[PDB]
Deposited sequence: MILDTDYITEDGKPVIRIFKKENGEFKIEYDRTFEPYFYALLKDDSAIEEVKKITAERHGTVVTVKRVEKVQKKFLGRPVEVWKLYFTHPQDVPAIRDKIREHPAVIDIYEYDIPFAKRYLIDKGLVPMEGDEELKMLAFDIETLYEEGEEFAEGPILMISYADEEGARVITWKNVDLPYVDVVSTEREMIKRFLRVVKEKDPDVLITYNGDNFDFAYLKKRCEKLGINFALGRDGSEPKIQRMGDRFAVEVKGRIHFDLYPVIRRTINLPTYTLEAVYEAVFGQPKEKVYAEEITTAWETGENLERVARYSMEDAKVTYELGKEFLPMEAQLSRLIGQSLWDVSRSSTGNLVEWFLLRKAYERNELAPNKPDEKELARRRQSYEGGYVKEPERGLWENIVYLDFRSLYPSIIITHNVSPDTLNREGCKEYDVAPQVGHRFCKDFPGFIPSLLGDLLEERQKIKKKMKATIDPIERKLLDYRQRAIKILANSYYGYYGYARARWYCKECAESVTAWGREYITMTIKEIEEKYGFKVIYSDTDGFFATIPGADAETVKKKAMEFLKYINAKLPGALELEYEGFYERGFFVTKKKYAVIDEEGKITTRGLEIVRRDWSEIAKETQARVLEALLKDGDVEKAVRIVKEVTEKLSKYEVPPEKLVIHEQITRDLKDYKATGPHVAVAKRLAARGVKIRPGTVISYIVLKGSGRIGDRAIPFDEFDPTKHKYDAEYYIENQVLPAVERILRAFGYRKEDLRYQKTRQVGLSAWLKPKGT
């Protein structure tokens, strides 16, 4: 199985390295055959002689043009004849590219900024992460001794935790004595231990959490002061640091630094991304967080280390588990795109698409256009985004169904063969003209992008077919990922067309796919109504909600499945429509804000969450009261009554005590600081909570929990009357 590829330099010439793991153990394949190169568009195949003489200077040596050969390729369908220029060393290209592009007999140059290593992959047509190869994984994390003054990495590293398929274990110097804490000498010895564990367990993947910006950088500054060789490299090298915009990224040659943060940030949606926050949001279990402030003054005093150790041990036990959750998909994304898992894992969809098209270009012999120059790059970002979500049909509805197009946006691209190499193609006998915007897209020959999309959608169909018939979960979940990557890849093309740095940028395509989207949806929203007595409830690109006023949950469903067959045999080939689900009751409030309930309970809803970190107090409880009364009970004059019935209680000082202790932390520092010369509840009326305020015969609350908690929570959901009658008099 190919893990990755990189190149070393020997005698001035580049030597490619293929890191892999075949039937059991590590192994590097070397190849010094591959040659660097890039393209050039010349005014006349004559000046090739004036050009093959141009030279540059790198490292005080001299960069020359090795060999050269003319070739024929397909630049956006249209025939092109360019010269392929070969060089001796990858770092030659970047030192002479502009010099060659600046020549007079040169109109333009192409494919001159592609990581030599990646290039090799697309040419030899090698695909990483393939075959049935089980990679050994190891998770590690570290907690250090902090101090606000500290410049950086000043304090020493207290522990190094590591989880495996065998368990977690922590390595620290001071004493603890727990079955899971390893004995070492000093800080220097600890780091040394870890190192000896890694080289020892010889893992294929090193998993960390934000270890791209913290763990490695630290371990570096510490390995320097302590005079140690951090040889995690499968070759003996030390992690190599890299640029990633405003942040950084760390490699470990021969292995795979699978940092979970960038991957988790792209997948799950949350307002806070602490490991504890994450773990919770992923497996539904609580995570105990121990803060530095506490750690510092815990490893010094004496013991509390049994606590810091646990927190440490877990940090790594959690990271490992999350590792197995998110690596599988990102690993299939790899195999689908044709690049390292290291790369794909730290990549946005636009690039995942850019790597696909670059590879597919090589196969199809299509010359790739170039990336945009700053002037243009900026110009593209200036575009206007104007979402279109028809307004919700205010009110409560029953026996609602949801229908969404099976791959809407990709279906259009295919159906209407939308692509930059078909846009404004003169001399065609056939064309499709995007609604509104009116872009002419020649249908004569299938366009590049669309051609690819078709295959992709086709195969994922193949997969889903073979996936509803296998039984063996390992042979099913296996496939399950494949078709999810394909789906992920596909829905990524629309955005890619507008992604300002896209080689295959196409604003016209994007505009078109949007306009068609509208048209198609709208045509359905209408066709279902006038011909099937449905009343479109809510709607947003992709799908929509609907029902037939007053109709058994069966009639609606029976009438539903009917419509599908109708417009389906109606609409194009790709464009198809499917039954999403059924929600016995629900109401809608503005854009992406609503709530529904299925036939077996369960309140989905996603419309208007906006929690308060903790349960806030009474709000996070009466919130449910209402919703449940609105959906399940379906009693409008009840949930609102539930408010006026509670506003006549809390203001009257009746609602329990602990049900007011706002579980928050970091006025704000009122009671907070009011305990001086980490976190703690409070039930002011500016006042702290304990057995000192509430005698149930002297102290009470305040009239805020009614206008700053209970009320503001349901005020929105409650759509019909103003809160002027939610307090009652």
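*Asks:* Which regions of the deposited sequence are unaccounted for in the modelled residues, listed N- to C-terminal?
*Replies:* Unobserved in coordinates, per deposited numbering: 667-677, 689-696, 705-712, 757-774.
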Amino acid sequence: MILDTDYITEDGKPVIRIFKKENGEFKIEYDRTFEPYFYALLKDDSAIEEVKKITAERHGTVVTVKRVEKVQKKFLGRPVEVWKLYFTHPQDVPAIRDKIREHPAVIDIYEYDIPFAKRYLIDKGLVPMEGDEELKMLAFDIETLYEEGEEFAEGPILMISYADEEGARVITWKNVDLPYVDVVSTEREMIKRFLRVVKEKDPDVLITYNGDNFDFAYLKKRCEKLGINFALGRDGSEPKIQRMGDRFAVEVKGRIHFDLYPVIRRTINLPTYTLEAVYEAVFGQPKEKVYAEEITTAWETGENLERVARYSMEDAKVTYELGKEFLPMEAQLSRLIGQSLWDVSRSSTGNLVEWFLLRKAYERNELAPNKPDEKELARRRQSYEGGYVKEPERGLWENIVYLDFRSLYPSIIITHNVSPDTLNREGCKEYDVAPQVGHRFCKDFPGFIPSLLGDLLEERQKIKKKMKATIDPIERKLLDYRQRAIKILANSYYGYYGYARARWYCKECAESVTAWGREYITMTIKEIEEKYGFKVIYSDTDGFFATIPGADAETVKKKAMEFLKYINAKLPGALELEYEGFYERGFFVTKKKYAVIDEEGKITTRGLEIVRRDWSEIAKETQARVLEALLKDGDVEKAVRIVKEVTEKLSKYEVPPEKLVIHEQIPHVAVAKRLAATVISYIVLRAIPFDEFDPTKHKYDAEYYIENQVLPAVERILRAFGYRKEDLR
From here on, numbers count along this sequence of modelled residues.
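*Asks:* State which stretch shows the higher mean Cα B factor in the entry: 241-249 or 133-141.
*Replies:* It is 241-249.
*Asks:* Which is higher on mean Cα B factor in this entry, 322-330 or 390-398?
*Replies:* Between 322-330 and 390-398, it is 390-398 that shows the higher mean C-alpha B-factor.
*Asks:* Whose CA atom has the top B-factor in the entry, of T297, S451, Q72, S347?
*Replies:* By C-alpha B-factor in the record, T297 ranks first.
*Asks:* Which one of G607, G438, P79, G211 shows the top CA temperature factor in the record?
*Replies:* Comparing C-alpha B-factors across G607, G438, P79, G211, the top value belongs to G607.
*Asks:* Lowest, middle or highest third: where is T33 by C-alpha B factor in its chain?
*Replies:* Lowest third of the chain for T33's C-alpha B-factor.
*Asks:* Among all modelled residues of this chain, ranked by Cα B factor, put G12 in the bottom, middle or top third, i.e. lowest, middle or highest.
*Replies:* Ranked within chain, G12 CA B lands in the lowest tercile.
*Asks:* Of the three thirds of its chain by CA temperature factor, lowest, middle or highest, which one includes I471?
*Replies:* Top third by C-alpha B-factor.
*Asks:* Thinking about Cα B factors across the chain, which third does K287 belong to?
*Replies:* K287: CA B-factor falls in the middle third of its chain.
*Asks:* Against its chain's modelled residues, does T301's Cα B factor rank lowest, middle or highest third?
*Replies:* Its C-alpha B-factor belongs to the highest third of this chain's values.
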